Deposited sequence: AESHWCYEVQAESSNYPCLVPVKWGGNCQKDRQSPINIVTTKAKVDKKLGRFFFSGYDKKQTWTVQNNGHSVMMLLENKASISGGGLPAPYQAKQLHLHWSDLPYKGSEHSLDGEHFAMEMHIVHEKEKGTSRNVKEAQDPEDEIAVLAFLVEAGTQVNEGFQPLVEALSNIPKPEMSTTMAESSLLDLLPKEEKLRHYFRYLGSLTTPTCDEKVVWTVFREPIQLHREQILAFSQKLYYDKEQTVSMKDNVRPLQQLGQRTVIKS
């Protein structure tokens, strides 16, 4: 640890030294890492990957959202959970965050068939374990965001909040909203890809069961741009928050499956 981890854009846009992704520590240099490219036609169908059950996702709340220095993060505080989805247990929702750029063809961490989307939203959940840490301790739901001209009304509480948390360690309260307001129609979430991997920031622990849904969220270009326009990596506000994306990792001998 000669300096704090950063994204490539941070090193490029500031003179202050920081560790770019290819130099990250902890478990980041191991071999079941994320994100990956998914060749959709090569992922095998597994019949056991059934529909998800969301609990607490329809409920209107006033979520707390904060700039943690490398993303914007809603604190979910177990107020929601998931089961199904071919998962081994229910998982409790901890936080929701995003990764983005300011060009429509980049911003996502994963790629489908070599295409990056304009953003990627991660909902982070924790395993309800039994008595017998594991490979699937964390379930992250990943949604790709496609830029367009459709105004997503569901996103507007989040987008309006961004103005209030431009600097790291700032928090605010969003207007009344549900998690489903942020997602595609539930019927469209039957198609997803599944693999085992890591967290995409240090320490990059290899304890994540990944789900990447095929159906993108549609967001207006300018709702996407609001992220890089309103947020900063630093209190000095010298580097607009964008390209908070880990580069693609090698699948190696792992297998990707789909519903």
| query | finding |
| --- | --- |
| Where the deposited sequence has no C-alpha coordinates (positions from 1, in order) | 133-139 |
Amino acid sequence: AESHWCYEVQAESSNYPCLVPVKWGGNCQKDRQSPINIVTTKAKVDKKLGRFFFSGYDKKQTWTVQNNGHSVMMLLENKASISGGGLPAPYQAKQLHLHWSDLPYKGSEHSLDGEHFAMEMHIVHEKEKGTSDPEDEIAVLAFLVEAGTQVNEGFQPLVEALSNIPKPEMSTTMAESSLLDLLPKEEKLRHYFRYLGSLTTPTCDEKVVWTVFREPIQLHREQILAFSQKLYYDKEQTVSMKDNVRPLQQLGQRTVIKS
From here on, numbers count along this sequence of modelled residues.
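Just so we're on the same page, rigid core means the largest C-alpha set that superposes within 1.5 Å between forms.
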| item | value |
| --- | --- |
| Comparing 245-253 and 232-240 where Cα RMS over structures and residues is taken in 9 other deposited structures of this protein (core fit), larger one | 232-240 |
| Farther-lying stretch by C-alpha RMS in 9 other deposited structures of this protein (rigid core fit) among 146-154, 171-179 | 146-154 |
| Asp133: gap in at least one third of other compared structures | yes |
| Average Cα temperature factor in the PDB entry - higher stretch of 14-22, 237-245 | 14-22 |
| Mean C-alpha temperature factor, higher of 80-88 and 183-191 | 183-191 |
| Most elevated Cα B-factor in the entry, residues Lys42, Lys207, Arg221, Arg32 | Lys42 |
| Member of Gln95, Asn152, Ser108, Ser177 with the greatest C-alpha B factor (per the PDB record) | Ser177 |
| Position of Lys47 among the chain's modelled residues by C-alpha B-factor, lowest, middle or highest third | highest |
| Modelled-residue ranking by C-alpha temperature factor, third containing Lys129 | highest |
| Within-chain third of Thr200 by Cα B-factor, per the entry | lowest |
| Entry-reported Cα temperature factor of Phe227, expressed as the chain third it lands in | lowest |
| Third of chain Cα B-factors occupied by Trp63 | highest |
